[PDB]
Each structure stands twice: as structure tokens, then as C-alpha cells.
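These notes concern the structure reproduced below.
Please treat every number below as a calculation from the coordinates, not as lab data. Please note: Cβ atoms are built from the backbone with ideal geometry, for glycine as well, and neighbour counts cover all protein chains shown.
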Amino acid sequence: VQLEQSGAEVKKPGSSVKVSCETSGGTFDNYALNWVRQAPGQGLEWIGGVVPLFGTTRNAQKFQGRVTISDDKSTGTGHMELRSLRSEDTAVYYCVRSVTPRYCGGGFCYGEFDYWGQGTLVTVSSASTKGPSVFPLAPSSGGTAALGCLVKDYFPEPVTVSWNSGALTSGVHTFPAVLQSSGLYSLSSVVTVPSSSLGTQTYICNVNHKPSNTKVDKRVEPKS
Amino acid sequence: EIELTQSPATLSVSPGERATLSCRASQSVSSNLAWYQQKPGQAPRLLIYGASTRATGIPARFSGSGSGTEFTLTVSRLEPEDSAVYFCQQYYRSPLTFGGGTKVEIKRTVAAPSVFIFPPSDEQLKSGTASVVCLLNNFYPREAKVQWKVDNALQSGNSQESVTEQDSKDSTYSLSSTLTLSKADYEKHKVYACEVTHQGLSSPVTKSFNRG
């Protein structure tokens, strides 16, 4: 019952990007596909929409002549394209579907935004992408311990991490990447773990950085 | 250009009390408002369409109110899951606008950080840089002071830090100060420590490690 968007691309200024919206489950009764973006720590900005009902389009003026929003009637999916990209366009993009209209006027229909996709981060920069290096935050001490993984020097966000291939969840904290002096990001993920656990239980952190198609799994053991 | 102004921006409220947000349109949106809730990491979730008609599968603690140039979303008996930013959107006329949002912290009893220090890896050092990491795990209030002392001298300008969004179960925060040095500057100095002042610690806390 939920929306699935493409992966996180990174484009150089002046090029174009396309973001999709496959529907897990079947298609479903809806009347509108819109897109709204949210810059890094900002609020929400509407981009535009289609209402296949009336065959009509609306955009914001930021995007006039730059955007194209498509709704495939059959698949129930929307690709979305944004051209002449600026550094100012770097944000997370959200696919949004609306089910029944609430006001139609001037050839368009507006309503509640019933269903949102996961989000898609597109970063616009001439900088070359670099994938991360991963180093262990090993533990030591008799009660609860803390171990971790350090993800250093990667340029395009984002970077996802998990522990024991999703097996481990409780007491995991993964921090907001901080952009370093170099121009690359760095990030740290940690987890609190009983002291008796170590030696016995194995801890591996799995970090994907799709803008460079690199995943590294890193084993974290106490040091000798 | 319907500028929606959400006030206020920050909120801290104690669990089980009542939080009250206001969205105030600049040019009368008249009942065509929506209230979305964005939790950390996650996409926004619709709460209230129309002026005050709660969406499917939302609990009735959330209540909307308003018309024209002035609105109100109020949540009663707050769970810690309700820590979120809250946005309002109009759809009266295009272009569609959102408010800047209203982050809401959920108050809880004070909690002191656990502190942990992590020396750089032997693998990282073969690169040419060294990264020392201090972790303050699961703590509250958000405000905290973390100071780096190397060779016992206070450090300045060579650490970054970053903090989580408030946890949705316990209502705590966690923080990571990272101190970065070249390999050489790291091998000349012996004793590394981070000193942590927090409202829940009667006196500062240091965790340290001596190289080797």
C-alpha cells in the first residue's frame, strides 16, 4: 500500500535527472501525482503535479520549463524529470499521490496529500563522487559495551549502515553525516552491547553508498 | 505566494500534557489546509485534511481547528512517538505552499550520558590521518559540552560533532564528537581525553586513553 522511488542519483550542474515511482502492491484509485522537495534541513517546497483527470499540469515558477511529471495509467507509476539542474536543486524529492479531489478550479484539482514515497536524494555538484572508507570503533572495558564503525571521506550523500545485515537494531545510533574541511562527508554508527557478549557474538557493520555502487562490510572485534 | 507562517518554531512539552501549534495564512486559505507529521528520517505522514478532519488511521489525540487566516493543530496526552516536525500546507490556490514547520521535543526526566572514547584504528593510521571519537549515548536535555584534551592541553578547532534527532522510545539524544589529526601529530602526543559536562552529571566526566 506504499510508494517506491528510484535510487539516489548525483548529477553535474546543468544536466537532467529522472526519478520514478513504482507502486508496491497493485495500482490504486488516485487522481494526482505531485512532487515536493525538502532541502537538507529545510522545510517542504512543492514542485508540481499532474491531474490525468483533466489532462493538466501545474508547476512552481522555480521550475517553469524545467520539469516534466508523468503518470503511466497502466503501471500506476510516475517517472519525474528535472532539467537545467542547479546546485540550488540539491534536496530530497518526494513522490506524492492524492486519492480524491477537494477543490477543482481553473482546470486543476487540489487536495490532501494522501500517500508519500520514501524520498530520493539527488545531489547536484561538479565534484566527483568518492565512496567511503570504513574503520572500526572497537570496544574495551564489565556491564554494557559500545562498538562502532566510522565512515570517512565520501562525497555524495547518502550513506546507509546496518549491523549484522539488519539483524541488530536495538541500541543502534547512526549519526548525521558531517561535511569535513576536505569537502567529503564523514559519519559514525555505533551500538550498545552487553559486556559478556564480545568474543562470542560477532559484530559487522554494512555500509552502502549507492552513488558509487560500493558496499563494505566491516568486522568489529575487541583488540589485542 | 500564500505565505504560511507556523508559530512557534520550537516546542518542548512534558508527556501526557497538551501541545498546540498554530498555522496562520497570509491571505485566507479558507478550510483548505493540511497538517503533516515528519518523524526523523521518515517521509511526511498526513494527519489532518480539511480544516480539522483527521485522516484514515490517525488517533483522535490530534485535533485540527481553523478557517481563513488562522489555524490550530493540537495533540493531547503526548506519547514519546510524537516527537516530530509538524508542517501545514494550503491547497486553496496554486502554487502549493507549506509552513516552515514546528519541531516538538517531548520532555522527559533528566538522564546522564554514558561516555565512550574510541582511539583511531591501526588501519586508518596507515592512511595518514587519525580520528578519535567520543560518544555520549542515550541522554537528555539536549545541551551538552564536550571538550577534547590532548597532551592534557585543551583542543580547539579540530573537532566536529553531530547529534541524533530525539529518540522516539526513550526521548533521549546521542552525540558524537570526532577529533581529527594528521598521523604525525597523533604519534607525538600520548594522552587523549574528552571531558563531558551535562546537566545530569553532578560534575564533568572524562574518558581517556593513553596511546599504547
- Query: Can you list the HN-Hα couplings for the range B:115-126, worked out from phi with the Karplus curve (6.51, -1.76, 1.60; θ = phi - 60°), rounded to whole Hz and with x for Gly and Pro?
  - Reply: 10, 9, 10, 10, x, x, 7, 4, 5, 4, 5, 4
- Note on the structure: Counting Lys and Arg as +1 and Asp and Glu as -1 over every other residue whose Cβ sits under 15 Å from the Cβ of residue B:187, the net charge comes to +2
- Query: Which pairs in the list A:223/B:188; A:11/A:130; B:149/B:183; A:152/A:223 are over 19 Å apart, alpha-carbon to alpha-carbon?
  - Reply: A:223/B:188; A:152/A:223
- Message: Show me, for the range A:99-112, the HN-Hα J-couplings you get by feeding each phi into the Karplus relation (A = 6.51, B = -1.76, C = 1.60, θ = phi - 60°), rounded to Hz, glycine and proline as x.
- Response: 9, 10, x, 10, 8, 10, x, x, x, 9, 10, 10, x, 3
- Task: Find the centroid of the Cα atoms in the range B:21-42 and in the range A:163-180, then give the distance between the two in whole Å.
- Result: 31
- Note on the structure: For the range B:15-169, the charge dipole (Cβ of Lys, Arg +1; Cβ of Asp, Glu -1; about the Cα centre) points to a positive end, and the Cα of B:46, B:31, B:84 closest to that extreme belongs to B:31
- Please arrange B:143, B:123 by counting, for each residue, the other beta carbons lying within 10 Å of its beta carbon, fewest first. B:143, B:123
- Query: Mind checking Rg over Rh on the range B:94-157, alpha carbons, Kirkwood formula for Rh?
  - Reply: 1.20
- Task: Using only C-alpha positions, report the orientation-averaged shadow area of the convex hull of the protein assembly as shown, nm², one decimal.
- Result: 22.6
- Please list, or write none, the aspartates and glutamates whose alpha carbon is within less than 15 Å of the alpha carbon of residue B:190, excluding same-chain residues fewer than 8 places away. B:151
- Task: Could you work out the local net charge near residue A:125, counting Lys and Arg as +1, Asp and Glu as -1, over the other residues with Cβ closer than 9 Å to its Cβ?
- Result: +2
- Tell me which residues come under 5 Å, amide H to amide H, from residue A:58 once H is placed; ignore anything under 5 positions away on its chain. A:49
- Task: With runs of 4+ DSSP H residues as the only contributors, calculate the mean residue ellipticity of the protein assembly as shown at 222 nm using -39,500 (n - 2.57) per run, divided by the residue total and rounded to the nearest 500.
- Result: -500 deg cm²/dmol
- Which percentage, to the nearest 5, of the DSSP beta bridges contained in the range A:1-146 is antiparallel? 90
- Separation between Cα centres of the range B:86-105 and the range B:110-137, rounded to whole Å: 40
- Note on the structure: Taking alpha-carbon centroids only, the range A:46-90 lies from the range A:137-152 a number of Å equal to 46
- Message: Please list, ordered by chain and number, the residues whose modelled amide H lies under 5 Å from the amide H of residue A:154; skip anything fewer than 5 residues away on the same chain.
- Response: A:185
- Report the convex hull volume per residue for chain A, counting only C-alpha atoms, in Å³. 150
- Task: On each of the three principal axes of the Cα atoms of the range A:1-126, give max minus min coordinate, whole Å, ordered largest first.
- Result: 41, 33, 26
- Message: In whole Hz and in residue order, list the ³J(HN,Hα) couplings for the range B:7-18 that follow from phi through the Karplus curve 6.51 cos²θ - 1.76 cosθ + 1.60, θ = phi - 60°; x for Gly and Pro.
- Response: 9, x, 7, 10, 8, 10, 10, 7, x, x, 8, 9
- Got the relative contact order for the range B:112-203 handy, in percent, Cα pairs under 8 Å and 6 or more residues apart? 38
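Please give me the summed charge of the neighbours of residue B:61: other residues whose Cβ is under 12 Å from its Cβ, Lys and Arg +1, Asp and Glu -1.
-1
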- Mind putting a number on the dipole of chain A about its Cα centre? Charges go on the C-beta only, +1 for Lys and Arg and -1 for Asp and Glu, and I need it in Debye to the nearest 20. 520
